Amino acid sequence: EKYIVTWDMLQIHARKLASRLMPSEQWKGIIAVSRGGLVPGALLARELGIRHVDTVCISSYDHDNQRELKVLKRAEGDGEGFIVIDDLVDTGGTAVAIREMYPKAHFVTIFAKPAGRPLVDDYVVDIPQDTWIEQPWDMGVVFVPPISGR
């Protein structure tokens, strides 16, 4: 059974993470991990009041049991004083890759499954591995037939 994440709950969690990342002056800017961290990055940037937002674009595809990682666009630096935000961490693969690119950055997510959980600096919601997360940008409001009808 999948975990439905609506926009309202995302924003609640995003604000729960924002306050825990106070003060706002200890952070220089924000790096969002495209595309998953884009919205959480936007949300953080609004709350913490940060206007400098950049993106690192990483493309990943599975070829059976191995991953193919392609960084299409990178932000410069060791990550000094920035926050790196992604929507969720599952196995922790993307995290370890970001950690190589930005060894001196604070890495955050909204959701974290048990495996990837310890590989984050901070997160908000716990999810178990067997659970799939539907993010709001993948969903919509559409007609849904009744259960009976009658």
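Counting begins at 1, following the sequence as shown.
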{"property": "Higher-B stretch (mean Cα B-factor, as the entry records it), 137-145 or 122-130", "result": "122-130"}
{"property": "Entry-level comparison of average CA B-factors, 82-90 and 35-43, reporting the higher stretch", "result": "82-90"}
{"property": "From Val108, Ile30, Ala112, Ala105, residue of greatest CA B-factor", "result": "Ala105"}
{"property": "Lowest, middle or highest third - CA B-factor, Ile12", "result": "lowest"}
